[PDB]
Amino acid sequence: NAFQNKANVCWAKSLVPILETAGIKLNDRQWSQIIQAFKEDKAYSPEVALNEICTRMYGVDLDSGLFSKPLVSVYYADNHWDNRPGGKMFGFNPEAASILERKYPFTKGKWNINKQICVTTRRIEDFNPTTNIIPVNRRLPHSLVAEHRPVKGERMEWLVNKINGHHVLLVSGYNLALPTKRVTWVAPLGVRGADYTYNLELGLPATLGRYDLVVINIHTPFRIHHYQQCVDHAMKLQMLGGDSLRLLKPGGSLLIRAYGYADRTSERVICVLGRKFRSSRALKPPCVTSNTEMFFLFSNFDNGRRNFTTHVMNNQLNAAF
């Protein structure tokens, strides 16, 4: 409602009109609890945020079609979101709501009263921070862990030294000892000792050049459930993962620390990234730091548009989790 003391939530203000079509009115507290990026006042994407809000408020994600009706546009330009025409359009979809009412009769006529709808424990009350964590409509691409658990393992070097590619770009909050490599370390603003510091909430600048191996090594704190960690990490996949493509030499590889792709946003990013490499793997090396952690390894970059399904990564991550 207020957006008091928030300088980077232009994306959130762009969702207000879209939420209105659904009858949803979020205040500052509710914005913060749902989306970590809002709480920390960080750059973000309206569609991505709308997915989290749809999941929490309705118990289902955007793939239910609840907001697929073109009523309000979200326009992106010059690192800024607003509501000019000519952008992706969203809006509450009564047709989609009707379909949902088949499986969940108790929801009928309760969509647009600014109330949270939980079919699990059939309740209709004001927003509850612990309600509707995981979307009921979405079939998870791979197993998640039931309880988060810290894990002490080996260093990163033993995974990185095995990956082909001499010239390495390291995007991390801390440095790694990679002797066999020629490393260029990029860190967030404020970090000392790195070759370059940038605001990683704006992605990576293509002026960094192209490398044989790009290692994205940014952690995302655990919150609530394994699925939620994937959610909280998705934007990073989009931002740092996508921008890395302009920083890859022909035949280059991309290593990304992640936690899978349990959510819709994450799986999208992976599919997009996969089409650009000769192979794609989901790794759970001994150098993981937690129960939910893993690594994406995209090999041999040719900037192409090949066929890519997550069926093979789905089996790899089922064994990991």
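The first residue of the sequence shown is number 1, and the count goes up from there.
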Review point. Looking at the deposited entry, does 117 to 125 or 88 to 96 carry the larger mean Cα B-factor?
Key: 117 to 125
Check your understanding: Do the C-alpha atoms of 175 to 183 or of 246 to 254 have the higher average B factor in the entry?
Key -> 175 to 183
Revision key, fill the gap. Per the deposited entry, the peak Cα B-factor within the set 107, 229, 131, 73 goes to 107
Check your understanding: Lowest, middle or highest third: where is residue 69 by C-alpha B factor in its chain?
Key -> lowest
Practice item. Classify residue 208 as lowest, middle or highest third according to the C-alpha B-factor given in the PDB entry, relative to its own chain. Key: highest
Exercise for review: Could you look up the Cα B-factor of residue 192 in the entry and say which third of the chain it sits in: lowest, middle or highest?
Suggested key: middle
**Study point:** Third of chain Cα B-factors occupied by residue 145
**Key:** highest
Review point. Among the modelled residues of its chain, does the C-alpha B-factor of residue 79 lie in the lowest, middle or highest third?
Key: highest
